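From first to last, the protein sequence lines are chains A, B, C and D.
Residue numbers 2 to 209, in my numbering, belong to the letters of the first sequence in order.
Residue numbers 138 to 269, in my numbering, belong to the letters of the second sequence in order.
Residue numbers 1296 to 1623, in my numbering, belong to the letters of the third sequence in order.
Residue numbers 3 to 313, in my numbering, belong to the letters of the fourth sequence in order.
Contents: one structure, followed by commentary.
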Amino acid sequence: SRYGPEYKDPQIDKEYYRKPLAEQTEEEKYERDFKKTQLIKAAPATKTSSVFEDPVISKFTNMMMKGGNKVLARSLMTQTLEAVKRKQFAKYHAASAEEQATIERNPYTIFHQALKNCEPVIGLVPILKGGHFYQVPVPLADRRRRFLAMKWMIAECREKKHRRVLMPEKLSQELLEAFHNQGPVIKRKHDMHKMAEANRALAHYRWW
Amino acid sequence: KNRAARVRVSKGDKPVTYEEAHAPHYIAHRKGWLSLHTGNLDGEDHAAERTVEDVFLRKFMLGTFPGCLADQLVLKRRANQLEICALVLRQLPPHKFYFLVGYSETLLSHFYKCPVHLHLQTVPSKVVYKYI
Amino acid sequence: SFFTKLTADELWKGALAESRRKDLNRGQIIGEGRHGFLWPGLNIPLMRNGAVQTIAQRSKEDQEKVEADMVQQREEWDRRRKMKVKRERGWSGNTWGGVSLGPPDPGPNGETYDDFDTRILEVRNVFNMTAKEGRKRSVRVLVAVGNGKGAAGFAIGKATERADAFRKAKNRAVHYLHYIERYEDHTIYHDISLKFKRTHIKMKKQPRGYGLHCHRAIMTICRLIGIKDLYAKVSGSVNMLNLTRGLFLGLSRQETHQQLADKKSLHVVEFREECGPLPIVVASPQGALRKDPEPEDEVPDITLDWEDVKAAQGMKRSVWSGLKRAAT
Amino acid sequence: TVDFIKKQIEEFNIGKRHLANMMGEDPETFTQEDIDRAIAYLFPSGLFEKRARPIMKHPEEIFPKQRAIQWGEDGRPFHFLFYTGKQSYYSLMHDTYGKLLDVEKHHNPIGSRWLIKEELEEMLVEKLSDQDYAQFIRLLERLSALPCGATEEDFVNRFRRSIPXXXXXXXXXXXXXXXXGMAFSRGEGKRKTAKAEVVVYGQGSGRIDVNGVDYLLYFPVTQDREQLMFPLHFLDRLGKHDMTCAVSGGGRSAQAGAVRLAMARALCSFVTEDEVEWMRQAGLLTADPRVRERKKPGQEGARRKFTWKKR
RNA sequence: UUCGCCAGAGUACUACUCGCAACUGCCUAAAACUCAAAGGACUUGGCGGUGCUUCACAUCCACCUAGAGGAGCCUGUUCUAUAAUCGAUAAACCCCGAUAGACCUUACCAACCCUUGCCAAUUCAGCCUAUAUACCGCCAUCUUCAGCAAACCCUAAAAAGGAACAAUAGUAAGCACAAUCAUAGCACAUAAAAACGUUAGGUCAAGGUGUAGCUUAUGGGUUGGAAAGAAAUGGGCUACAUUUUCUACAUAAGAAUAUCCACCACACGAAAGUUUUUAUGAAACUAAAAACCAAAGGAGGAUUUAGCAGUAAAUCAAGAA
Ligand SMILES: [Mg+2]
Ligand SMILES: [Mg+2]
Ligand SMILES: [Mg+2]
Ligand SMILES: [Mg+2]
Ligand SMILES: [Mg+2]
Ligand SMILES: [Mg+2]
Ligand SMILES: [Mg+2]
Ligand SMILES: [Mg+2]
Ligand SMILES: [Mg+2]
Ligand SMILES: [Mg+2]
Ligand SMILES: [Mg+2]
Ligand SMILES: [Mg+2]
Ligand SMILES: [Mg+2]
Ligand SMILES: [Mg+2]
Ligand SMILES: [Mg+2]
Ligand SMILES: [Mg+2]
Ligand SMILES: [Mg+2]
Ligand SMILES: [Mg+2]
Ligand SMILES: [Mg+2]
Ligand SMILES: [Mg+2]
Ligand SMILES: [Mg+2]
Ligand SMILES: [Mg+2]
Ligand SMILES: [Mg+2]
Ligand SMILES: [Mg+2]
Ligand SMILES: [Mg+2]
Ligand SMILES: [Mg+2]
Ligand SMILES: [Mg+2]
Ligand SMILES: [Mg+2]
Ligand SMILES: [Mg+2]
Ligand SMILES: [Mg+2]
Ligand SMILES: [Mg+2]
Ligand SMILES: [Mg+2]
Ligand SMILES: [Mg+2]
Ligand SMILES: [Mg+2]
Ligand SMILES: [Mg+2]
Ligand SMILES: [Mg+2]
Ligand SMILES: [Mg+2]
Ligand SMILES: [Mg+2]
Ligand SMILES: [Mg+2]
Ligand SMILES: [Mg+2]
Ligand SMILES: [Mg+2]
Ligand SMILES: [Mg+2]
């Protein structure tokens, strides 16, 4: 907010800048962009042009940080990706050739998958009518859903571990079980879905 | 509502001195300081004395020069001597003015044990900054 | 404790308490003192026959005398503050009705009226409802002005401070003047019966010895117009404003002898009782005097006011009517 | 008030001489530029508002313009539109409309703007209303809408103004060192209590030195090294350049960011004129305006307040 | 032109009469007594669990984060107790006047004492005594709200109102907002500012005063003594542990880790206490540090507080007295 409304966001992707020549409306557009003498924001410190940056991992990284510890959250995440990695190597070498073709060794694909699979389709909002609060079925916008998945994973592997158990480990377990849909996280997604199905009549109430 | 050193808006007829028309938040922005001395700078001593001293010279000049004082009284301290400037209204016949000049300078000089210099600038009527 | 004390003004603010003022700046000269020193530049001129008088001290008794002088000064000022109560009364006591407000203000064009008297007809405290303040108090005065020579008018004015409002009505009232046509420069021309908004005005044209018998307001207005002889009774609501509006409409409603003559093209002839049958002409029809006599009905058809006819036969028995009252 | 202007301009010149002779300059070439220096040295007011500082100026800049005498000594007014109460406005209007009419009988993005409302108010020496201004400008659009004559164009030029626009990241010419005969560029970034300076040598081993130690050791936090990597990975120069670095103030992330700015600044000598606008749109060369906000008294954290109690 | 109806308001579509297929009925219809009014229409406000539009940007809802209510402790009120201050006490009190009480401060209680008893002079001093609903001072509050207000002008009358921009009666300098200043260049942000009034809001204990009271005392001194907890509650601090605890250390380490079991107890948590020192000081009741001890607490009912970005949250250091 030390930025006036005059300052537009930085677009940080390099592939965009290096290879413009085949795109007309985008050539027009970024021409408008810098030609407008557009005051543009100092790019954040978390966003980098690193080839290794996955925005989803960043968000999930943040939401795990208590206080101001980037260092610590970064480390816990790193250890989670790592933990899943090694756990999947262990599953690989102890398996049969068919399953060697099957198994996912990429902790990243495992992560985007275990989140795609944990995200609820519909969710509830309370509506006040005639004195009572009814929980009613609301279709959700994607970002809210992503958030719900991540929030759930973090809250689940935060709360229910036995104290001798480190975060990255349990988190890895929950990731791999949510991968196969058998994990408690998905039990949660399902209790959402069931609660929505029971109240489906009340989907009349919602006016928007 | 800040009441500090302020002069309220009247029916609009009230005469106001440039100083009394500029509210406390304005010091060092438009208004200046009524006194000057070294004492409040970073490394400096005896600020308090020049404050008591100043106060007493406000009361003193208001009392020695009745009804003839125009605007608040401007003190300067330079290398141990006081330079006291006053805006003074013309009421008195000039003899009395010089009587009180000598009277003041002498009396003060012997009170504060440092040489005092006095200046009267005479004005026909209180300057009006606003309203009127 | 010299440090604890303050300026005079502050003390008077916090004495008076507006959230009478006496001044201590009055009577004391420079160098004036109780220990009685005569200072060469202040108490005494700087020089005598011999130059440069020295610093001198008066006697015990010379000081007792100067002190007596200041004491008698204060006494004089207190008496002068108490003697400040004097007034001329308008109608009754604290009623501002009929009070002389003093000639209106000279306009922008140098136009000056020293000839115009003003009288306050009605001063009234009026209130309003302001979200901020609760009640809000205005004063409204209805004021009339006239030179005695037949032109006069009135206006209303309203302000928070009543003084302000007296002023306002003055000036606004010079802006509305009527010319009021007087017969032989005292009465009205003919009787006027005029109903105006719930108030009835009725006025009979008197002969000369009969000064101004009227509602107190209408007396006031008729002294400002210069009408010296009138009978006027008022019916219905007496409220001041409707009354003066009514009266002014009515006295401008007047049909003059010249105009009567002109529309009827005949001579108009005053028959005095004191002068017997002598057929005094008042007005002549400039242009052609008609050769035509006018119908004399045994039976005229006119609105007749029951009050006048009741008067006529001796049927007004009210003990209030025939009263002696003070001069006009 | 005109007698005041005559008098004041006279005394202004007499005081002008008086100023020059004491200040000891030739009274002839004395300018306003010199007037300022003069008073500023004679009556040195530290004061923040600059209008309340001492002024000696030509009365015309001191005083407001005046509306001239509007009627002869007979009472009779000069301008025929006088009774409109704005003659100044409606004269412009009459003329404008006349111009238009004549154009209709005859006819059979440079950075130029119309006046502000305040500028038309200055031009006519007349208070204005928004509506009025709007009306007029509307009319000038009608004027531009048709075939444009010579005097037509001059006319609308009166109400024309021109504005500057400047955008380029200022390009430092490189600097070739005498010792190796080699070219370098020295940048300065500043972020949030932390300033950094970065000298970049155009022929590198990839070496990056910070305060006399290696960059890995000075930024054990990986995140920081990534921030550092940003400009170089952007311009694909990662091994090509050799940087020396001096940074001070603040904590680690602040430092890594200052080095980001300084480096990305020192990298625009060795880059192409085109990649510059990219680094702008990447937001590399723009400072971070974000800083700590002072606690406020009676509060907690500049924003955080003491817990509020309804009862 | 006629007829019928009205002489303050209640009392009273009532009490008594008269007449009626009514017999808690209809019709006709008073007075005692009480009051200085009772009524109609309007005017600005304010208000509305009326209707309609448009918003809320820490903000009501939905949403995000971190907490309060539970525990220990700190500290403030409220009550009980005391011979033993005052003031604040819905939003706008409650780590508040205090950026600060061992003596002092100090106004309090307990005893003793002194009477032109600070000053140049005064049948004069001195009063933290009663009035904040007499006040000036300083502020709170609506409020980051846009209005306040003189001077005029208009309204088949004016209590009051006064705009429509292809404009229909409004003009107006002033004070507000805005603008500029400060946060060392811009910009935004924050700071500041924010009238008129409102709450008889706060304060006669900062000081000063109007009115009242005290004058061998409601004045002035010396010596001690107060500030105990059955509770009840406001705000904080530290926790409840693995995103943790310890040591090294600055941000890659090594160990500990609530249950074994008879540990020779340990995991988190002692800010609390008991002991010893030390700092200050004439006087330790005060602060700090070690040694011991290790308790409640295992994430907290109804309900609530705060925050829109370098903010919230966490961490560290400095100053005022
Ligand atoms: Mg404020
Ligand atoms: Mg009387
Ligand atoms: Mg904070
Ligand atoms: Mg009756
Ligand atoms: Mg009935
Ligand atoms: Mg009956
Ligand atoms: Mg009958
Ligand atoms: Mg909130
Ligand atoms: Mg709100
Ligand atoms: Mg809690
Ligand atoms: Mg608690
Ligand atoms: Mg108390
Ligand atoms: Mg008690
Ligand atoms: Mg109390
Ligand atoms: Mg009170
Ligand atoms: Mg209060
Ligand atoms: Mg607090
Ligand atoms: Mg004590
Ligand atoms: Mg006492
Ligand atoms: Mg009381
Ligand atoms: Mg009050
Ligand atoms: Mg007050
Ligand atoms: Mg406005
Ligand atoms: Mg008005
Ligand atoms: Mg600036
Ligand atoms: Mg701003
Ligand atoms: Mg503020
Ligand atoms: Mg402002
Ligand atoms: Mg009160
Ligand atoms: Mg209250
Ligand atoms: Mg007092
Ligand atoms: Mg007193
Ligand atoms: Mg005593
Ligand atoms: Mg004591
Ligand atoms: Mg409790
Ligand atoms: Mg806490
Ligand atoms: Mg370790
Ligand atoms: Mg302890
Ligand atoms: Mg223990
Ligand atoms: Mg336990
Ligand atoms: Mg709530
Ligand atoms: Mg100190």
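A virtual CB, placed ideally from N, CA and C, is assigned to each residue, including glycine.
Next on the checklist: Just to confirm the assignment, what range does the alpha helix (DSSP H) spanning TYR109 of chain A have?
Outcome noted: As a first step, residue 109 of chain A is located in the first sequence; it is residue number 108 there, counting from the start. Its alpha helix (DSSP H) spans residues 108 to 117.
Next on the checklist: For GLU154 of chain D and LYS101 of chain D, which I take to be in contact (beta-carbon distance under 8 Å), what is that distance rounded to the nearest angstrom?
Outcome noted: Against the fourth sequence, residue 154 of chain D aligns to sequence position 152. Against the fourth sequence, residue 101 of chain D aligns to sequence position 99. Between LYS101 of chain D and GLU154 of chain D the Cβ distance is about 6 Å, and since that is below 8 Å, they are a contact.
Checklist entry - Just checking my contact of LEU1573 of chain C with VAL1563 of chain C at CB under 8 Å: how many whole Å lie between their CB atoms? => result Mapped onto the third sequence, residue 1573 of chain C falls at position 278. Mapped onto the third sequence, residue 1563 of chain C falls at position 268. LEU1573 of chain C to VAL1563 of chain C, Cβ: 15 Å. No contact.
Checklist entry - When we look at the beta-carbon of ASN1338 of chain C and count the other beta-carbons within 10 Å, is it buried (16 or more) or exposed? => result Position 43 of the third sequence, counted from the first residue, corresponds to residue 1338 of chain C. Buried.
Next on the checklist: Below 7 Å on C-beta distance, what does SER50 of chain A contact in chain D?
Outcome noted: Within the first sequence, numbered from 1, the residue matching residue 50 of chain A stands at position 49. Those within 7 Å of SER50 of chain A in chain D are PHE232, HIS235, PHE236.
Next on the checklist: How far does the alpha helix (DSSP H) with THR1302 of chain C in it extend, from its first residue to its last?
Outcome noted: Mapped onto the third sequence, residue 1302 of chain C falls at position 7. Counting along the chain, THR1302 of chain C falls outside any alpha helix (DSSP H), and DSSP gives it neither H nor E.
Next on the checklist: Would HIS247 of chain B pass as an interface residue toward chain C - the criterion being a Cβ-Cβ separation below 8 Å?
Outcome noted: The count along the second sequence starts at 1 and reaches residue 247 of chain B at position 110. Chain C, which has no Cβ nearer than 8 Å to the Cβ of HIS247 of chain B, makes this no.
Item to check | Separation of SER241 of chain B from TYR235 of chain B, as counted between CA atoms | outcome: For this step, residue 235 of chain B is matched to residue 98 along the second sequence. For this step, residue 241 of chain B is matched to residue 104 along the second sequence. Cα to Cα, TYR235 of chain B sits roughly 10 Å from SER241 of chain B.
Item to check | 4-residue-minimum alpha helix (DSSP H) runs that sit fully inside the segment 130 to 170 of chain A, ordered along the chain | outcome: 143 to 160
Next on the checklist: For chain B, check one thing: does any of its Cβ atoms lie closer than 8 Å to the Cβ of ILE1520 of chain C?
Outcome noted: If you number the third sequence from 1, residue 1520 of chain C lands on position 225. Chain B, which has no Cβ nearer than 8 Å to the Cβ of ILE1520 of chain C, makes this no.
Checklist entry - Applying a beta-carbon distance threshold of less than 7 Å, which residues of chain B neighbour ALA42 of chain D? => result Along the fourth sequence, read from residue 1 onward, the residue named residue 42 of chain D stands at position 40. Ordered by position in chain B, no residue passes the 7 Å Cβ test against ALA42 of chain D, which lies about 16 Å from the chain.
Next on the checklist: Helix, strand or coil, according to DSSP, for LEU1546 of chain C in the structure here?
Outcome noted: For the purposes of this step, residue 1546 of chain C is taken as the residue at position 251 of the third sequence. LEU1546 of chain C: helix per DSSP, three-state reduction.
Item to check | Residues within the segment 1321 to 1343 of chain C neighbouring chain B, beta-carbon criterion of under 9 Å | outcome: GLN1323, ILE1325, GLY1326, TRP1334, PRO1335, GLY1336, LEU1337, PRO1340, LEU1341
Checklist entry - Of all the CB atoms in chain D, is at least one closer than 8 Å to the CB of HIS256 of chain B? => result Here residue 256 of chain B corresponds to residue number 119 of the second sequence, with the count starting at 1. No, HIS256 of chain B lies away from the interface with chain D (no Cβ there is under 8 Å from its Cβ).
Next on the checklist: Taking CB distances under 8 Å as the criterion, tell me whether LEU286 of chain D reaches chain A.
Outcome noted: Locating residue 286 of chain D in the fourth sequence gives position 284, where the first residue counts as 1. Yes, its Cβ sits closer than 8 Å to a Cβ of chain A.
Checklist entry - So the beta strand (DSSP E) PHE186 of chain D belongs to, where does it begin and stop? => result As a working note, residue 186 of chain D is residue 184 in the fourth sequence. Counting along the chain, the beta strand (DSSP E) containing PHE186 of chain D begins and ends at 185 to 193.
Next on the checklist: If contacts are defined as beta-carbon pairs under 8 Å, then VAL1434 of chain C and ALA1464 of chain C qualify, I think. What distance do you get, rounded to the angstrom?
Outcome noted: As a first step, residue 1434 of chain C is located in the third sequence; it is residue number 139 there, counting from the start. As a first step, residue 1464 of chain C is located in the third sequence; it is residue number 169 there, counting from the start. That pair is no contact at about 10 Å.
Checklist entry - Taking three-plus beta-carbon pairs below 8 Å as touching, is the segment 1497 to 1516 of chain C in contact with the segment 1399 to 1409 of chain C? => result no
Checklist entry - Which residues, taken in chain order from the segment 107 to 127 of chain A, show a beta carbon closer than 7 Å to some beta carbon of chain D? => result none
Next on the checklist: Comparing C-alpha positions only, which one of A:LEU177, A:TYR206, A:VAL72 sits nearest to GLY131 of chain A?
Outcome noted: Position 130 of the first sequence, counted from the start, is the residue given in the question as residue 131 of chain A. Here the closest residue by C-alpha is A:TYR206.
Item to check | N- and C-terminal bounds of the alpha helix (DSSP H) containing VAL265 of chain B | outcome: For the purposes of this step, residue 265 of chain B is identified with residue 128 of the second sequence, where counting begins at 1. No alpha helix (DSSP H) contains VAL265 of chain B, which DSSP labels as neither H nor E.
Next on the checklist: Distance cutoff 8 Å, beta carbons only. Does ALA289 of chain D sit that close to anything in chain A?
Outcome noted: Counting from 1 along the fourth sequence, the entry for residue 289 of chain D is found at position 287. Yes, contact with chain A.
Checklist entry - Is there a Cβ from chain A that is less than 8 Å from the Cβ of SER187 of chain D? => result As a first step, residue 187 of chain D is located in the fourth sequence; it is residue number 185 there, counting from the start. No, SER187 of chain D lies away from the interface with chain A (no Cβ there is under 8 Å from its Cβ).
Checklist entry - Taking a cut of 9 Å between CB atoms, which residues from the segment 165 to 178 of chain B lie near chain D? => result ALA165, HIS166, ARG167, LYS168, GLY169
Item to check | Burial state of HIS159 of chain B, where buried means 16 or more other Cβ atoms lie within 10 Å | outcome: For the purposes of this step, residue 159 of chain B is identified with residue 22 of the second sequence, where counting begins at 1. Classification for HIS159 of chain B: buried.
Next on the checklist: Taking beta-carbon pairs under 9 Å, can you tell me which members of the segment 34 to 66 of chain D lie near chain B?
Outcome noted: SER47, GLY48, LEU49, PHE50, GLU51, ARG53, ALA54
Next on the checklist: At the level of alpha carbons, what is the spacing between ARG227 of chain D and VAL122 of chain A?
Outcome noted: Reading the fourth sequence from its first residue, position 225 is the one you call residue 227 of chain D. Reading the first sequence from its first residue, position 121 is the one you call residue 122 of chain A. If you take the alpha carbons of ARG227 of chain D and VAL122 of chain A, they lie about 40 Å apart.
Item to check | Nearest neighbour of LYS263 of chain B, chosen from B:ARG143, B:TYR155, B:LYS148, B:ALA142 [CA to CA] | outcome: Here residue 263 of chain B refers to the residue found at position 126 when the second sequence is read from its first residue. Checked all of B:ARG143, B:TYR155, B:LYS148, B:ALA142; the closest Cα to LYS263 of chain B is B:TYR155.
Item to check | Reference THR1494 of chain C, options C:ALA1454, C:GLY1545, C:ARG1315, C:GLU1589, closest by Cα | outcome: Against the third sequence, residue 1494 of chain C aligns to sequence position 199. Minimum Cα distance to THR1494 of chain C is reached at C:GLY1545.
Next on the checklist: To the nearest angstrom, how far is the alpha carbon of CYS205 of chain B from that of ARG305 of chain D?
Outcome noted: The count along the second sequence starts at 1 and reaches residue 205 of chain B at position 68. The count along the fourth sequence starts at 1 and reaches residue 305 of chain D at position 303. In a straight line, the C-alpha of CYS205 of chain B is about 52 Å away from that of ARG305 of chain D.
Next on the checklist: So with CB distances below 8 Å, who are the chain A contacts of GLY259 of chain D?
Outcome noted: If you number the fourth sequence from 1, residue 259 of chain D lands on position 257. Residues of chain A passing the Cβ test: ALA46.
Item to check | Given 8 Å, three or more beta-carbon pairs between the segment 1528 to 1539 of chain C and the segment 1462 to 1478 of chain C | outcome: no
Item to check | Nearest-angstrom Cα separation, counted from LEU1519 of chain C out to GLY1448 of chain C | outcome: Taking the third sequence and counting its residues from 1, one reaches residue 1448 of chain C at position 153. Taking the third sequence and counting its residues from 1, one reaches residue 1519 of chain C at position 224. In a straight line, the C-alpha of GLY1448 of chain C is about 9 Å away from that of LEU1519 of chain C.
Checklist entry - List, in order along the chain, the chain D residues whose C-beta lies closer than 8 Å to that of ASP34 of chain A? => result The residue you call residue 34 of chain A lines up with position 33 of the first sequence. Correct list: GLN283.
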